[PDB]
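Student:
Number of protein chains: 2
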Amino acid sequence: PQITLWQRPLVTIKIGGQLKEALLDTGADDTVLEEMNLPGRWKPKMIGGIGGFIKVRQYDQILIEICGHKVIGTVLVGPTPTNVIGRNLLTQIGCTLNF
Amino acid sequence: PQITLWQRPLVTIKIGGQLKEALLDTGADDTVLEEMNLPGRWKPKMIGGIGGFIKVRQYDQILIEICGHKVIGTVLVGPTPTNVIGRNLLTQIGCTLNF
Ligand SMILES: CC(C)(C)OC(=O)N[C@@H](Cc1ccccc1)C(=O)C[C@@H](Cc1ccccc1)C(=O)N[C@@H](CCC(N)=O)C(=O)N[C@@H](Cc1ccccc1)C(N)=O
Ligand SMILES: [Cl-]
Ligand SMILES: [Cl-]
């Protein structure tokens, strides 16, 4: 699809068998989701943005369906104020900016 | 142009007569730039992201040339770790996400 930017570019995702809403975020190198459990092992990590940093848990090889495009990648989980789909996954669904 | 997301979507901007680089950031409602002076008045404001909040100075009706497209809009200035062009301006250059 073509997503305009007059509203937040939110999409529905399915991950770990749950339905969630997430922001398509070209400004995020990574994909960061609020608290949730996920199949498998993880390594701790920190990430930053505008106001500082947070600790997240990093899970590799997670399956996620973003608008029905399945992708497998690293998903980070922790106290982010909002679910964000970052460039690690945006590249995998072929997402581009266009103007 | 069409901008892929394998690299950060950095673009050159011209603002306040200065040349800067900034990230086209669909995850940002607003445009936030590191410290710089700007013609005119402003009002203080706070903004958040991952990590927390920062104080910024909000300037209205600023002209900005983003990849050669002129737009006029609010620009926030303050301690962000990176220059970001948010949706407030992305709409004005007609920027869309496409997949
Ligand atoms: C208007 C405003 C600027 C205030 O909005 C936002 O914060 N939007 C959020 C997403 C968000 C939306 C809504 C609510 C909360 C968050 C993001 O698009 C912002 C972007 C802007 C940014 C990019 C690079 C460096 C600094 C900042 C952001 O925080 N991206 C992050 C998302 C976290 C992640 N790992 O993907 C990002 O790429 N972080 C990187 C880069 C980084 C290094 C050091 C310090 C800061 C950042 C990281 N791996 O930690
Ligand atoms: Cl990945
Ligand atoms: Cl504006």
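The listed protein sequences correspond, in order, to chains B and A.
FYI, PDB author numbering numbers position 99 of the first sequence as 99, with every residue one higher than the one before it.
FYI, PDB author numbering numbers position 54 of the second sequence as 54, with every residue one higher than the one before it.
C-beta atoms are modelled at their ideal positions from N, C-alpha and C, and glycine is treated no differently.
1) For the stretch 30-44 of chain A, which residues have a beta carbon sitting closer than 8 angstroms to at least one beta carbon of chain B?
2) Is any beta-carbon of chain B found at less than 8 angstroms from that of residue 61 (chain A)?
3) Whose beta carbon lies closer than 7 angstroms to any heavy atom of ligand 3, going through the chain in order?
4) Return the CA-CA distance between residue 77 (chain A) and residue 99 (chain A), expressed in angstroms with no decimal places.
5) Nearest to residue 89 (chain B) by alpha carbon, out of B:16, B:55, B:61?
6) Distance, Cα to Cα, residue 63 (chain A) vs residue 13 (chain A)?
7) Looking at residue 84 (chain A) and ligand 1, is the gap between the Cβ and the nearest heavy atom below 7 angstroms?
8) Grab the span of the beta strand (DSSP E) containing residue 12 (chain B) for me, first residue to last.
9) At the 8 angstroms Cβ level, is residue 57 (chain A) part of the contact set with chain B, yes or no?
10) For a contact defined as C-beta to C-beta under 7 angstroms, what are the partners of residue 76 (chain B) on chain A?
11) Does the distance from the C-beta atom of residue 54 (chain A) to that of residue 50 (chain B) stay below 8 angstroms?
12) Buried or exposed for residue 17 (chain A), please, with buried defined as at least 16 other CB atoms from any protein chain shown within 10 angstroms of its CB.
13) Given that a residue counts as buried once 16 or more other Cβ atoms are within 10 Å of its Cβ, and exposed if not, what is residue 48 (chain B)?
14) Within 10 angstroms of its Cβ, does residue 9 (chain B) collect 16 or more other Cβ (buried), or is it exposed?
15) Is the CB-CB distance between residue 27 (chain A) and residue 26 (chain B) below 8 angstroms?
16) Would you mind working out which of B:56, B:34, B:68, B:80 sits nearest residue 92 (chain B), comparing C-alpha positions?
17) If distances are taken between C-alpha atoms only, which option among A:22, A:4, A:52, A:30 comes closest to residue 5 (chain B)?
18) Of all the alpha helix (DSSP H) runs that stay within the bounds of the stretch 26-96 of chain A, which reach a length of 4 or more residues?
19) What is the C-beta distance between residue 154 (chain B) and residue 45 (chain B), in whole angstroms, given that I count them as a contact (C-beta under 8 angstroms)?
20) Mark residue 24 (chain B) as exposed unless 16 or more other C-beta atoms lie within 10 angstroms of its C-beta, in which case mark it buried.
21) Could you check whether residue 58 (chain A) and residue 43 (chain A) sit closer than 8 angstroms to each other, using their CB atoms as the reference points?
Tutor: In terms of the structure at hand:
1) Sequence-ordered contacts of the stretch 30-44 of chain A with chain B read 32 [C-beta pairs closer than 8 angstroms].
2) Within the second sequence, the letter at position 61 stands for residue 61 (chain A). It does not: the Cβ of residue 61 (chain A) has no partner Cβ on chain B nearer than 8 angstroms.
3) Listed by position along the chain, the residues with Cβ atoms less than 7 angstroms from a non-hydrogen atom of ligand 3 are A:73, A:74, A:88, A:89.
4) Position 77 of the second sequence, counted from the first residue, corresponds to residue 77 (chain A). Position 99 of the second sequence, counted from the first residue, corresponds to residue 99 (chain A). Looking at the two C-alpha atoms, the distance is approximately 32 angstroms.
5) On the first sequence, position 89 is the one that residue 89 (chain B) refers to. The option with the nearest alpha carbon to residue 89 (chain B) is B:61.
6) Position 63 of the second sequence, counted from the start, is the residue given in the question as residue 63 (chain A). Position 13 of the second sequence, counted from the start, is the residue given in the question as residue 13 (chain A). Their backbone Cα atoms lie some 10 angstroms apart in a straight line.
7) Locating residue 84 (chain A) in the second sequence gives position 84, counting from the first residue. Indeed, a heavy atom of ligand 1 lies less than 7 angstroms from the Cβ.
8) For the purposes of this step, residue 12 (chain B) is identified with residue 12 of the first sequence, where counting begins at 1. From DSSP, the beta strand (DSSP E) with residue 12 (chain B) extends over 10-15.
9) Working through the second sequence from its first residue, we reach residue 57 (chain A) at position 57. No, residue 57 (chain A) lies away from the interface with chain B (no Cβ there is under 8 angstroms from its Cβ).
10) Counted from its first residue, the first sequence places residue 76 (chain B) at position 76. Counting only Cβ-Cβ distances below 7 angstroms, residue 76 (chain B) has no contacts in chain A at all, with the closest Cβ about 10 angstroms away.
11) Start at 1 with the first residue of the second sequence, and residue 54 (chain A) comes out as number 54. Start at 1 with the first residue of the first sequence, and residue 50 (chain B) comes out as number 50. It is a contact, given that the beta carbons lie within the stated cut-off.
12) As a position in the second sequence, residue 17 (chain A) is number 17, starting the count at 1. Residue 17 (chain A) is exposed by the Cβ-count criterion.
13) In the first sequence, residue 48 (chain B) corresponds to position 48, counting from 1. Flag for residue 48 (chain B) reads exposed.
14) Counting from 1 along the first sequence, the entry for residue 9 (chain B) is found at position 9. Result: buried.
15) By 1-based counting over the second sequence, the position of residue 27 (chain A) is 27. By 1-based counting over the first sequence, the position of residue 26 (chain B) is 26. Yes, Cβ-Cβ distance for residue 27 (chain A) and residue 26 (chain B) is below 8 angstroms.
16) Numbered from 1 along the first sequence, position 92 holds the residue referred to as residue 92 (chain B). Residue 92 (chain B) has its Cα closest to that of B:68, out of B:56, B:34, B:68, B:80.
17) Stepping through the first sequence from its first residue, residue 5 (chain B) is reached at position 5. In this structure, A:30 is the residue among A:22, A:4, A:52, A:30 with its C-alpha nearest to the C-alpha of residue 5 (chain B).
18) Those alpha helix (DSSP H) runs which fall completely within the stretch 26-96 of chain A and span 4+ residues are 87-93.
19) Outside the modelled stretch of chain B, which goes from 1 to 99, sits residue 154 (chain B), for which no answer is possible.
20) Here residue 24 (chain B) corresponds to residue number 24 of the first sequence, with the count starting at 1. So residue 24 (chain B) counts as buried.
21) Taking the second sequence and counting its residues from 1, one reaches residue 43 (chain A) at position 43. Taking the second sequence and counting its residues from 1, one reaches residue 58 (chain A) at position 58. Contact flag set, yes.
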